[PDB]
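[1] in the first instance, please consider these chains from the complex; the rest will follow:
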Amino acid sequence: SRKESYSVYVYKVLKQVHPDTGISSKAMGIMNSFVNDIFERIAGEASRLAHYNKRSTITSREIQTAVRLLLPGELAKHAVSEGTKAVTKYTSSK
Amino acid sequence: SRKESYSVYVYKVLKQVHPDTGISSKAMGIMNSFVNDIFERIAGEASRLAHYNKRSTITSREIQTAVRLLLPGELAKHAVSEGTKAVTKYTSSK
Amino acid sequence: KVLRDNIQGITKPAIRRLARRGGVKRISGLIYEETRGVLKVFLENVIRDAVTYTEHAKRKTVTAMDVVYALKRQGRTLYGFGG
Amino acid sequence: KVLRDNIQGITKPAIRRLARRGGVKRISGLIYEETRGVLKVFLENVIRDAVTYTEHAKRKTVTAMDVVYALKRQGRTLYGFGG
Amino acid sequence: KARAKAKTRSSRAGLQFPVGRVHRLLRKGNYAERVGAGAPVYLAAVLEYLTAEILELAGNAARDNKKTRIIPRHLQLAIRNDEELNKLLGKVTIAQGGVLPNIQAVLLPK
Amino acid sequence: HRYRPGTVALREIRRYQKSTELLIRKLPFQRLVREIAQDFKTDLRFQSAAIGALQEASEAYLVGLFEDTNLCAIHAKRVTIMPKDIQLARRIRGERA
């Protein structure tokens, strides 16, 4: 049937910073399974952040704390500020 | 307010195999926090067993597999058979 | 099905070639009876954790995500096969 | 509030006494500048993970379950204080 | 009757990873009961920064060894070349990669 | 009268492997956390069961380090630990990148 994936959304990032670059099949699955794992670390730490503060709600604040825990040092400085651009751009729209 | 605990249910096990034995306050909290941790290992592996087999249901089969993973060797032989007694006794009742 | 003498299938150069990937120049002749021991310890803590997943879904085939889920359990994550 | 020279608060016998609990008879005089380094690495990976919990609930006090939640994150569980 | 132009929420934030697909993987993964409207936006950005940062580094190692496509060896070698990317994936095996070239400089020949 | 070297030392090993006391004292370890916490957020409070959650976790790491240090010192035909041992103890576990 249908296997959902993140394979298509890699070519929309691979062709942003290296537009003359292909990527193999068996290397797609790593960047596929990199996403699904780094998804449920951030979600599965934001999930356990909901119980620790007695709320049933995953806000966009709780994903920010569950990225300042998993990412160390200098990735935790960029991937926070690479999200709050994509939210402030999002909320000024619609 | 109310802090739920497993402290009372230790005296109902401490006075089963050592009926002439007390237990201190700061040693209760270890056997308190032993329970809450060994709770969410078994639940939090039975939880992730629900997604791996695409069911929304925690059965009493899934707790049995999430005890044969966390407990090693000879504890995994007893704590399985110390549960299926307490289920077969339970289901023949009611 | 039973096929024995296959801890002796990890041959004498194929442990030397694994030694060369670790950056090892000179080895002894008594690593070969140590490596086969440490290897079967590592496969008696993965297959023992993999089969309890495959038995739990009542499958007869230990599939690709099963082993990755077993290696997820020990804290040694394997990418590239899913999971 | 700022109080410096307190990585030097881990005194010379109190690293020797920790060495004796590990089962160590004879030590060098250059562990003392190694232990204080490996200790402050371990507290810059717990307090950095503890404060992000206490800031998240907008508390000003890093409470007892916070540190246990930080040690839950690294894979070194601490019993006895809750959590 | 008809309706308006369906503008996807990935195009309303300037991202590439979806937000519609992430927002049903926070309500069918039992992470919590309520999931805010901004949370799968913010998470699809952090999935998009870190997908670039490997492939930025995976593009260079493909180029430095004269390759058009990125095989997993480059993903093996883009990781563990960068320091802070390695400390994220310090426990993680990448399939079909081997290791970095390394000698301890004591085994050099005499 | 005069003990040989390695006699008062071995009295300490069976002493401290028996007690449960605090080896790192409280206030010269409490003030260590008031240096690392100042960077990430100034003006924080600490519950004393959380400082003690660190004083029984930092002492849970060095004892786990030194007992894995002393394996190396015995391994190099020595009985003395050295700071080349710890820096190679941590590289094996992956506790330092």
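    Sure thing, it's come through. Numbering: from 1, shown residues only, chains lettered A, B, ... in the order given.
[2] what sits against residue E:39?
    Going by C-beta atoms under 8 Å, 6 or more residues apart in numbering or on different chains, residue E:39 touches A:46, A:58, A:59, A:60, A:62, A:63, E:23, E:26. Yep, even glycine has a C-beta here, placed from its N, CA and C like the rest.
[3] nearest to residue E:33, of these?
    residue A:58 (8.7 Å; C-beta to C-beta).
[4] for the closest one, name its beta-bridge partners.
    residue E:35 (DSSP bridges).
[5] just the contacts of residue E:39: which are in helices?
    A:46, A:62, A:63 (DSSP state H).
[6] may I ask which of the contacts of residue E:39 has the most neighbours?
    residue A:63 (28 neighbours; other C-beta atoms under 10 Å in any protein chain shown).
[7] residue A:46 is in contact with that residue, correct?
    Yes - if you go by C-beta atoms under 8 Å, residue A:63 and residue A:46 touch, sitting 5.3 Å apart.
[8] closest point of chain F to chain A, which residue?
    For chain F and chain A, the shortest gap (C-beta to the nearest C-beta) falls at residue F:97, measuring 9.0 Å.
[9] burial count for the closest residue in space to that residue that isn't next to it in sequence?
    Leaving out its chain neighbours, the residue that sits closest to residue F:97 by C-beta to C-beta, 6 or more residues apart in numbering or on different chains is residue E:87, at 4.6 Å. Neighbourhood size, residue E:87 [other C-beta under 10 Å]: 15.
[10] go on, residue C:80?
    Residue C:80, neighbours per other C-beta under 10 Å, totals 24.
[11] what of residue A:22?
    Residue A:22 has 15 neighbours, counted by other C-beta under 10 Å.
[12] neighbours around the closest residue to it other than its chain neighbours, how many?
    The shortest distance from residue A:22 to any non-neighbouring residue, by C-beta to C-beta, 6+ apart, is to residue E:69 (3.6 Å). Neighbour count for residue E:69, taken as other C-beta under 10 Å: 12.
[13] which phi and psi does residue E:69 have?
    Main-chain dihedrals, residue E:69, degrees, to the nearest 10: phi -100, psi 160.
[14] to the structure above, add chain G:
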Amino acid sequence: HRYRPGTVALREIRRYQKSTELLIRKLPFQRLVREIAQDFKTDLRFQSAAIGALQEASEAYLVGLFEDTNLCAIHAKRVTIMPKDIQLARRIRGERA
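    To build on what is shown above, here is chain G added in:
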């Protein structure tokens, strides 16, 4: 003509740190899993991407072991690894109780 000892050896280190090939062959590693699986459940099948998920995980462990073995051999003023090194390599990480 005649290589010295340590010359053909160092050619192997830069050789195998470059390739991505399989070092443990398939069928003398596939049959190793048909010994350990027989205890826990007889008559099991294996997908070949799951055997290969082990052949790239067992080779992910020994190379992680030998590179942490060779730190010990250099540490004892030697260039030769010995089975007292591995049995002390694993005791430091906690990979054997």
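[15] same as before for the neighbour count of residue C:80, with chain G this time.
    Residue C:80 is flanked by 28 other residues according to other C-beta under 10 Å.
[16] equivalent analysis for residue E:108, please.
    As a burial measure, residue E:108 scores 10 neighbours (other C-beta under 10 Å).
[17] and the helices in the chain?
    Since no chain was named, I'll use chain A. Along chain A, the stretches classed as helices by DSSP H are A:8-17, A:25-52, A:62-68, A:75-81, A:84-92.
[18] nope, chain F
    F:8-16, F:27-40, F:48-75, F:83-93.
[19] and stretch E:6-26 with chain B, contact?
    No - for stretch E:6-26, no contact with chain B is found by C-beta under 8 Å from any C-beta of the partner chain; the gap never falls below 10.8 Å.
[20] from residue E:43, how far off is residue E:23?
    Going from residue E:23 to residue E:43 by C-beta to C-beta, to the nearest Å gives 9 Å.
[21] could you say which one of the helices of chain A comes nearest to chain F?
    helix A:62-68 (9.9 Å).
[22] near chain F at all, the closest one?
    No - shown here: helix A:62-68 not in contact with chain F (C-beta under 8 Å from any C-beta), separated by at least 9.9 Å.
[23] check which helices and strands that helix sits against.
    helix A:25-52, helix A:75-81, helix D:47-56, helix E:39-64 (3 or more C-beta pairs under 8 Å, 6 or more residues apart in numbering or on different chains; DSSP states H and E).
[24] reformat the ones you listed as TSV; add distance to residue C:19.
    Shown next, in TSV, are the helices and strands packed on helix A:62-68 (distance: least, C-beta to C-beta, whole Å):
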stretch	distance to residue C:19
helix A:25-52	27
helix A:75-81	35
helix D:47-56	38
helix E:39-64	26
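[25] out of these, which gets nearest to chain G?
    Nearest to chain G, of all these, is helix A:25-52, at 10.8 Å by C-beta to the nearest C-beta.
[26] can you list the helices of chain F in JSON lines and add mean neighbour count?
    Listed next are the helices of chain F as JSON lines, based on neighbours: other C-beta atoms under 10 Å in any protein chain shown:
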{"stretch": "helix F:8-16", "mean neighbour count": "14"}
{"stretch": "helix F:27-40", "mean neighbour count": "18"}
{"stretch": "helix F:48-75", "mean neighbour count": "21"}
{"stretch": "helix F:83-93", "mean neighbour count": "19"}
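[27] extend the structure above with DNA strand H:
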DNA sequence: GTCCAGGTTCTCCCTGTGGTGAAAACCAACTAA
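    Placed with the earlier chains, DNA strand H looks like this:
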């Protein structure tokens, strides 16, 4: 210094993998309350 061994580069032929183009399917977004 010197000779040779195993390697590295260059080229030509061949294959497998990938990037894409087209239909189907399903989910995400919009609408009315």
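[28] what do you get for the neighbour count of residue C:80 once DNA strand H is counted?
    28.
[29] that one against residue A:26, yeah?
    Yes - Residue C:80 is within contact range of residue A:26, at 6.8 Å (criterion: C-beta under 8 Å).
[30] tell me, what's touching these two both at once?
    Counting by C-beta under 8 Å, 6+ apart, the contacts common to residue C:80 and residue A:26 are E:72, E:95, E:96.
[31] name the nearest residue to the second one, sequence neighbours excluded.
    Spelled out, it's residue E:95. residue C:80 is the one closest to residue E:95 (C-beta to C-beta, 6+ apart), at 2.9 Å.
[32] give the contact list for that neighbour.
    The contact partners of residue C:80, by C-beta under 8 Å, 6+ apart, come to A:26, A:29, A:30, A:33, E:72, E:94, E:95, E:96, G:56.
[33] how close does the first one get to residue C:62?
    In this case it means residue A:26. Distance of residue A:26 to residue C:62, given as C-beta to C-beta: 21 Å.
[34] got it, and residue F:68?
    Remark: distance between residue F:68 and residue C:62 (C-beta to C-beta) = 34 Å.
[35] same check on residue E:75?
    26 Å.
[36] of those two, give the one with the bigger neighbour count.
    Neighbours were counted for residue E:75 and for residue C:62 using other C-beta under 10 Å; residue E:75 has more, 29 against 26.
[37] list the residues that contact the more buried one.
    Each residue near residue E:75 by C-beta under 8 Å, 6+ apart is listed here: A:27, A:30, A:31, E:54, E:58, E:94, E:97.
[38] one step back: just the buried residues of the contacts of residue C:80.
    A:29, A:30, A:33, E:72, E:94, E:95, E:96, G:56 (16 or more other C-beta atoms under 10 Å in any protein chain shown).
[39] just to revisit the earlier point, so can I have a markdown table of the contacts of residue C:80 showing distance to residue B:14?
    Shown next, in a markdown table, are the contacts of residue C:80 (distance: C-beta to C-beta, whole Å):
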| residue | distance to residue B:14 |
| --- | --- |
| A:26 | 56 |
| A:29 | 52 |
| A:30 | 51 |
| A:33 | 47 |
| E:72 | 55 |
| E:94 | 50 |
| E:95 | 50 |
| E:96 | 54 |
| G:56 | 49 |
